[PDB]
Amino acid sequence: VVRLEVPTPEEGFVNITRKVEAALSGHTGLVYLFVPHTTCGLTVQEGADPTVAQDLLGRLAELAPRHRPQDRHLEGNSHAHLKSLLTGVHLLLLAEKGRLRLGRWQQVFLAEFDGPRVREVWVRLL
């Protein structure tokens, strides 16, 4: 497995498409991605129009508000745990000659919900 280091903001979708492809070495086949974290996730979504990620983050904040009196996990990041579960922490994608095989408007994002930090993303070719 190849380990990528990805600095992240307090909250946001970090495009890691190029960093991943940089670890493919001309690979044509499947690519496994995994984040060994519980308060961030991985997703494939549109990046071309920056307002898409804006609305995704905004809407997720409404489904998973930071403020919840009933929360028992007082450290305060239960909202991030929920966002991570909803998004997912692993991906499996296809690549062609070192490039991720994605749709017209797709980019690979490390969705940070509890940063800022330097997150790790594991990459494995198969």
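So that there is no doubt, residue numbering starts at 1 and follows the sequence shown.
J.: Which of the two stretches, 69-77 or 35-43, shows the higher mean Cα temperature factor in the record?
T.: Averaging CA B-factors over each stretch, the winner is 69-77.
J.: Looking only at CA atoms, which has the higher mean B factor in the entry: 78-86 or 93-101?
T.: Of 93-101 and 78-86, the stretch with the higher C-alpha B-factor average is 93-101.
J.: Ranking the modelled residues of this chain by C-alpha B-factor as given in the entry, is residue 24 in the lowest, middle or highest third?
T.: Its C-alpha B-factor, which the entry lists for residue 24, ranks in the highest third among residues of this chain.
J.: Looking at the temperature factor on the CA atom of residue 126, which third of the chain's modelled residues does it land in?
T.: Residue 126: CA B-factor falls in the middle third of its chain.
J.: Going by the CA temperature factor in the PDB record, which third of the chain does residue 114 belong to: lowest, middle or highest?
T.: Its C-alpha B-factor belongs to the middle third of this chain's values.
J.: State the tercile, meaning the lowest, middle or highest third, of residue 48 with respect to the CA B-factors recorded for its chain.
T.: Ranked within chain, residue 48 CA B lands in the highest tercile.
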